[PDB]
Ligand SMILES: [Zn+2]
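Chains as they are written, first to last, in PDB author numbering: chain E, 25 to 67, 73 to 106; chain C, 521 to 531, 575 to 1139; chain D, 423 to 807, 866 to 905, 910 to 1008, 1027 to 1090, 1098 to 1170, 1176 to 1187, 1202 to 1282; chain B, 2 to 236; chain A, 1 to 223.
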């Protein structure tokens, strides 16, 4: 019980850090997916959003919710 | 007077002019005094210029000596008084007049308005004040206003240095000050031709010109926002060699591509006000303007500046802070009178930071505002033994002077709070402790403890929010180095130093750092590409090479050092 | 570009992750963004119309601004930037006025006074940049100082006094608990916490009263929790204890899971409680918990009833009069000194007794003179109340910037010994900066008994107390001095990240963070001594060290000292020739003739030549010595810097060994390496010796480096981060490492079906 | 005058807890009516509660009861949670008697005609093996929270224990204020009110009760003139 | 223990512009909360009765002087701000003021159109001399609270007109006090009195009744 986070804070980083190795991986993790989502909104086919989007949700905030739900997997170089 | 060497032979003077005006100077620390003096010469002239309620003897002599006040030369009587000039008919039979500076701009943009204090049929004497200067009232320095003060920490809005004010100070123009800006533009002979300023502009709607006269200069009394046109000027241009897509529209719409380029004066970014006056200097008639210049016009813009959240206030004791918030007069801690307090000052600065005097002029401020009548009929209390006669009684709103190193002493101050006559319907608002039960104007319940209230003399400081706020998305770029720069129409760019780069590295944010140093500052190709990307909504492009680094190689080469990029595969690259 | 600044004003109503942004500033800052949205929603058809629409500040654009601003972070920064916490991310909120509203808790990090300070605002543009602001630089994720691990966003100055007052206990307060007897029942108890509020609004209950009630939602203390249940808990269960109504409302601010506290919320206590929360709870919890302490702290700071006036600031008149006899007796004793009754030392000592008498007299009055409930005392009891150092920090940064964690573990068994609160019948005062946040090189077992803690454990604060029971007096802990990593250092050797409280993450540039952690207080037996150490210069006043073990013979020449060490070999006696009596002997008690001495003891109080102890005790000891000296200076000023920061800097001083002769030149890297000797060299010399020639040029001796680099025809691999910053490449730290910048993000086949 | 837009919304935290939000107000109207709402809900809603009780066997014994684990105090505040609505509007006396070992609840007490207990499962006391209990209760309608009156200060009723009376059904209330954009200015009041209620009445109905007693309260001032054109507040 | 006797509101008088009001009976801790609930509304939302803009024939802006007069235009605007007017006509209307020769211009010299009235004619505006001619018009509008000078670039007034800060607040100074009597034997209750003072543009009863109507209509929690 960590009451509902507001805007930027959600989702919590701790629950996100379980989905990757480090905080730096989480950055690249969500970043590249953000570029992926925005390309899909214009036009090597593009995927997403896997989670039902918000009213005007930004693609970066979508990729963070996706990572929190384990909806994608990444591989580190 | 005693000579420096004469000091050895035989056995208030240490105070300066700015320092000698701080009431209760002895109780404040020496370092705080100097800091308080600097802030007195930092104030700005207010429209009303009310005189201090608790001061010292220096205000009168200091004001007239400054020279910004009008003093009668010879004893006599006035003849006629108008805002423009005052004339006095001397008994001697001579006749002297005085033209009053009205809304003259100072060096730093402050207003220098004078006011006449005398009337018709009034006798005057030599060395007597006739008109009030900018920061004077009736002849004494009025650098600020007197405000009701509560010294309670008010729910973090006055946190640690900040201050909260009543909306009254805005409605009543008590802290309002006028500021005047000067703008300049000239027409001279050019290499190609001659500069010409006129209403006609190459590409404009008739609405932007709607505030220009024949000559193309803004008309007096006009309102100007950021980016509006002040003076319309034009300079030769050619060869034009216009782009084909540009001309095709020229033929379609039939607007002939003019032979001259627009160089017109526009009000800087973030400035606004009315146009006071214009000064035009033309070569045609008279006017010694330097070789090349053919005409000059200066525009004077002035603005009433309401006290705004963010501005800086400060007292004479060195205490200064930003206006953190401005609460509606309603939801303000108010005395049992329903009398809202103006500002709310936090107590936290006081602990072992001595500044003790600031609390004394607060109590003496309430004494001077409410009036008093000592109880001396049979008592003649021991504390008033050293006091002078007839100071015993004073009416409401009287002014007081406590010279620095011998002013009111501590014991006397306590007795004065005992005799503190009522407000309109007989009742007492401040106890002998200088405290009162304030009612929280937002909940209605009284504040559980008695709070110190009083009147303090505070000043509006020189630098204001309007001048200090800056923002930029895209603007001018330096020539030698492509890094952004703000010239006319400020648009200046914040500068990201090495220390900031250290922090950025410490976080590990490699991209944020690269972005700041390449595509926001120096990438001649990148900065435009990211702007194009944002508007299209497409992803941000990949940064390039900072122009700073490219220039670095040339600087090494100019020094006879053969720098080679040495790629892994091609082994030799030219930046191009 | 995309930047701005303005003066800052307090933001008491903000969430920790937020900031007040003047609408105008946010308008020009997001100008390009609101232009696209303004055209997409067809308010204006072409882009040219959108530009003039924003330029003239048309009223329609304010609705489009909140839409582009939403969940789009910004970076705030205030110069000077000392540590990485000098720049943080915030959620921008449009606000009226031309001033920036800053959350009150972040003032500590920015050292931001509200006397008119200005703060800069930058706008992260790309996806990677936004993510770095949301994850790496967000305000609510950075709470602990990256130097001491202590909490920074902890309440201060206003909320401290407020919370102090809320939880204080007043005897005989209105509604005070009374265990009524034989005529009525007890009157101090209350049904629930809500009832007490209704008795507090009415004149019945004082918040600072000693009443007792039964709580059904807070967790009871640890000791009392066992007696009551020991098997179940109290999410719906009830229990009674006697505390102030305030102490109840205070514990409500903490998490539900945290045990009841019931103390006067002293300044020192809040640090304890906030520290505990960071260890036991996630960040978001602590962030929200500190946010709740701010509101309560402020609210009760206003109802505190603390104001200054004539009475409180008054200095006691009696104190001035008592000093008259104090000053006359100190002067009367001076008149007897001239007469000849002085006795020449007792007189001088006696005056101190006079002078000490006044100090005692002021104490005799002080608390009795001013009522215990004095607002000036309450502020004291609660605890609420340049470039020269930054010049050093620049050399620090340039010598350690390339030090980053490059692997999780190097697997080395080497380590160093920590004293771990020895001298007990008693915890060492410097355990928090030497043993805290380390990892064990070898298991720690108390004989005879089971092993107390296994090797490679995090050595948290709870572990120390567990270790204390065993009676241990030393511990082996990994360190960056003993780490064997080929490149950089390893996580396990470095240990816990001060900011995160967990294991350090690979890619963290611990070098730069170390230089900052050391440099910040530099501006705050001072900087010359610190600079004397890090630059490896011979001590200002040299102090000799023991060359061999044995007994010592002490002799006193005229104005000199002779110290002969009689070795236990026993071979050639070691004599230390001439030693100024001005630089007196060291202390064990003070050393005397015939004491035993070890191979490295300092014979006289002073600064031992680091190059001396190097040749004597070897590289591992020089590092231990230097760290001891540096940390002693900072400890003298009350600055808490964890040893690992200093160690990061020291590690870079012993990296090279002199050869000069089996090889062409000296000063080749230890890993690079036919006999060479260990070398000690200053940071300035060490940094100028880096393999990158444009890093050494941008640092110092520009003309020199180029000339020698041009002749040698050197080639720079562009490995360090300084170089890449110049040419605009991704720094090889943090999000720039190989492992982290090649992540492939593809959606699982299972998720796409949905 | 015509205010642009008021509104009122409700979200339920639990069965007896709910948040209410008013959006948007005109500054600074949040603080004006805010404190007056919490004050009305807490001390202005009619409801019945316990005033004084008396127990068989407890007359001059201070704190102990025989054959029951719970002591005097623990049972007094055990009963303070008893919720019972009545229309008699006078000090009726209910009775509770249960014999033998066992846990007594608010259902064992026999309610006289006109009184209805709403929390039957409420725990009151645990009994000893081979024990009996008999307690007298005095219930009267109430308003707000009246502390325990001094029993008589007159001749007396020997062995009479007054108890704190939680008259109002609302357990506790607290309010907050936030600012939201009106499309022109940032500073527009948003009123958040937090009410936790007894199961006698729901929060929705509890608010309207405070709205009626308040609007009729201010009707007096409006009656003086009734044509000063105050503010429309639209429809 | 229902002590039911509906609250009673009583008028009173202390001066002509202000007058007390006493309401009884009330529950405990109700006076302070209700009193400030009306004070916050009185001090803000009582409608005016204020002057929006002015226009002097001789001047084009606020920062000049008039030949002959003693006060500058900026000091005359400050004087004009203190005037208290009252208009029962919606739809802005213009007043006039023309004075010539020596004397003192006051609020009485202002000619109000039909439907408006000046309530403090005794006020000093400007002092004129032999050469002083003051020809000035004033625009009166109806609103509430305090509105900053509506600049003539937001509204196309034109060069000529001068916007001025407007203050629609008929209420001058408000306070209150409660005399709750805690009775040990029986009957705890509270009682308050408020002290409403006006600017002579409306009466205390008129204001309190206006504030009452606002709160009443505003407490629409029934939906
Ligand atoms: Zn290692």
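By construction, the Cβ of each residue, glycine as well, lies at the ideal position given by its N, Cα and C atoms.
Chain-ordered neighbours of residue 893 of chain C on chain B, where CB pairs are closer than 7 Å: Your numbering for residue 893 of chain C matches position 330 in the second chain. Per Cβ cutoff of 7 Å: 29.
So, residue 654 of chain C versus residue 673 of chain C, is the Cβ gap smaller than 8 Å? In the second chain, the residue the question calls residue 654 of chain C occupies position 91. In the second chain, the residue the question calls residue 673 of chain C occupies position 110. For residue 654 of chain C and residue 673 of chain C, no; Cβs fall outside 8 Å.
So, using beta-carbon positions, are residue 205 of chain B and residue 47 of chain B closer together than 8 Å? For the purposes of this step, residue 205 of chain B is taken as residue 204 along the fourth chain, with counting starting at 1. For the purposes of this step, residue 47 of chain B is taken as residue 46 along the fourth chain, with counting starting at 1. Not closer than 8 Å, so no.
Relative to the C-alpha of residue 996 of chain D, which residue among C:622, C:1075, C:1070, C:1019 is closest? Counting from 1 along the third chain, the entry for residue 996 of chain D is found at position 512. For residue 996 of chain D, the closest C-alpha among the options C:622, C:1075, C:1070, C:1019 is that of C:1070.
Where does residue 562 of chain C fall in DSSP's three states? Inspection of chain C shows residue 531 followed directly by residue 575; residue 562 of chain C is thus not represented.
Across which residues does DSSP place residue 95 of chain B in a beta bridge pair? The residue you call residue 95 of chain B lines up with position 94 of the fourth chain. DSSP, once it has assigned bridges, lists B:138 as partnering residue 95 of chain B.
Classification of residue 734 of chain C by the beta-carbon crowding that lies within 10 angstroms, buried from 16 upward: To locate residue 734 of chain C, count along the second chain from 1; it is residue 171. Looking at its Cβ environment, which holds 16 or more other Cβ atoms inside 10 Å, residue 734 of chain C is buried.
In chain B, which residues lie less than 7 Å from residue 206 of chain A when you measure between Cβ atoms? Taking the fifth chain and counting its residues from 1, the one referred to as residue 206 of chain A is at position 206. Residues of chain B passing the Cβ test: 226, 229.
Which two residues bound the contiguous beta strand (DSSP E) that contains residue 896 of chain D? Residue 896 of chain D sits at position 416 when you count from the first residue of the third chain. From DSSP, the beta strand (DSSP E) with residue 896 of chain D extends over 896-898.
May I have the straight-line CA-CA distance separating residue 879 of chain C from residue 685 of chain D, to the nearest angstrom? On the second chain, position 316 is the one that residue 879 of chain C refers to. On the third chain, position 263 is the one that residue 685 of chain D refers to. Approximately 42 Å between the Cα atoms of the pair.
Using alpha carbons as the reference points, say which of C:897, C:827, C:1121 lies closest to residue 767 of chain C. Position 204 of the second chain, counting from 1, holds the residue named residue 767 of chain C. Closest option to residue 767 of chain C, Cα to Cα, is C:827.
Nearest-angstrom Cα distance between residue 812 of chain C and residue 78 of chain A? What you label residue 812 of chain C is simply residue 249 of the second chain in a count that begins at 1. What you label residue 78 of chain A is simply residue 78 of the fifth chain in a count that begins at 1. Roughly 54 Å separates the two Cα atoms.
Residues surrounding ligand 1 [beta-carbon distance to nearest heavy atom under 5 Å]: D:890, D:967, D:974, D:977
Just to confirm my understanding: we take residue 729 of chain D, look at its own chain, exclude 5 residues before and 5 after, and list those with CB closer than 8 Å. What are they? As a working mapping, residue 729 of chain D is identified with position 307 in the third chain. If we look at residue 729 of chain D and ignore the five residues flanking it on each side, its Cβ neighbours are 797.
Residues bridged to residue 937 of chain D by DSSP? In the third chain, the residue the question calls residue 937 of chain D occupies position 453. Its beta-bridge partners are D:928.
8 Å is my cut-off, CB to CB: does residue 678 of chain C come that close to chain D? The sequence position of residue 678 of chain C within the second chain is 115, counting from 1. No, no contact with chain D.
Local conformation of residue 1245 of chain D per DSSP, three classes: Here residue 1245 of chain D corresponds to residue number 717 of the third chain, with the count starting at 1. DSSP places residue 1245 of chain D in coil when its eight states are reduced to three.
Using 8 Å as the threshold, is the C-beta distance between residue 795 of chain D and residue 975 of chain D below it? Stepping through the third chain from its first residue, residue 795 of chain D is reached at position 373. Stepping through the third chain from its first residue, residue 975 of chain D is reached at position 491. Not closer than 8 Å, so no.
Distance, Cα to Cα, residue 130 of chain A vs residue 667 of chain C? Working through the fifth chain from its first residue, we reach residue 130 of chain A at position 130. Working through the second chain from its first residue, we reach residue 667 of chain C at position 104. C-alpha separation (whole angstroms): 27 Å.
I need the boundaries of the alpha helix (DSSP H) containing residue 205 of chain A, first residue and last residue. For the purposes of this step, residue 205 of chain A is identified with residue 205 of the fifth chain, where counting begins at 1. Segment 204-218, the alpha helix (DSSP H) holding residue 205 of chain A.
Measuring only the C-alpha atoms, how far is residue 128 of chain A from residue 987 of chain C? Stepping through the fifth chain from its first residue, residue 128 of chain A is reached at position 128. Stepping through the second chain from its first residue, residue 987 of chain C is reached at position 424. Rounded to the nearest angstrom, the two C-alpha atoms are 35 Å apart.
Name, please, each residue of chain E whose Cβ falls closer than 9 Å to the Cβ of residue 1101 of chain C. Your numbering for residue 1101 of chain C matches position 538 in the second chain. In chain order: 62, 63, 66.
Ignore the nearest five residues each way along the sequence and tell me which others in residue 881 of chain C's own chain have a CB closer than 6 Å to its CB. As a first step, residue 881 of chain C is located in the second chain; it is residue number 318 there, counting from the start. The residues are 595, 598, 599.
Mind checking the region 658-689 of chain C against chain A and listing, in chain order, the residues whose C-beta falls within less than 9 Å of any C-beta there? 663, 665, 666, 674, 676, 678, 679, 682, 683
With DSSP as the reference, identify every bridge partner of residue 936 of chain C, one or two as the case may be. Indexing the second chain from 1 puts residue 936 of chain C at position 373. BP columns for residue 936 of chain C point to C:956.
What residues from the region 17-41 of chain B come within 7 Å of chain C, judged by C-beta to C-beta, listed N to C? 28, 29, 32, 36
Just list the residues that DSSP pairs residue 661 of chain D with in beta bridges. Here residue 661 of chain D is taken as the residue at index 239 of the third chain, counted from 1. Paired residue(s): D:637.
Anyone know if the C-beta pair for residue 70 of chain B and residue 165 of chain B falls short of 8 Å? Your numbering for residue 70 of chain B matches position 69 in the fourth chain. Your numbering for residue 165 of chain B matches position 164 in the fourth chain. Their beta carbons are not under 8 Å apart, which means residue 70 of chain B does not touch residue 165 of chain B by this criterion.
Check each residue of the region 982-1001 of chain D: if its Cβ is closer than 7 Å to any Cβ of chain C, include it; give the result in chain order. 991, 992, 993, 996, 997, 1000
In angstroms, rounded to a whole number, what distance separates the CA positions of residue 1139 of chain C and residue 1170 of chain D? By one-based count along the second chain, residue 1139 of chain C stands at place 576. By one-based count along the third chain, residue 1170 of chain D stands at place 661. A straight-line Cα-Cα distance of about 46 Å links residue 1139 of chain C and residue 1170 of chain D.
Using a Cβ-Cβ cut-off of 8 Å, state whether residue 63 of chain A counts as contacting chain C. For the purposes of this step, residue 63 of chain A is identified with residue 63 of the fifth chain, where counting begins at 1. Contact of residue 63 of chain A with chain C is assigned, a C-beta pair being separated by under 8 Å.
Which residues of chain C have a Cβ atom closer than 7 Å to the Cβ of residue 69 of chain E, listed in chain order? In the structure shown, chain E runs from 67 directly to 73, leaving residue 69 of chain E without coordinates.
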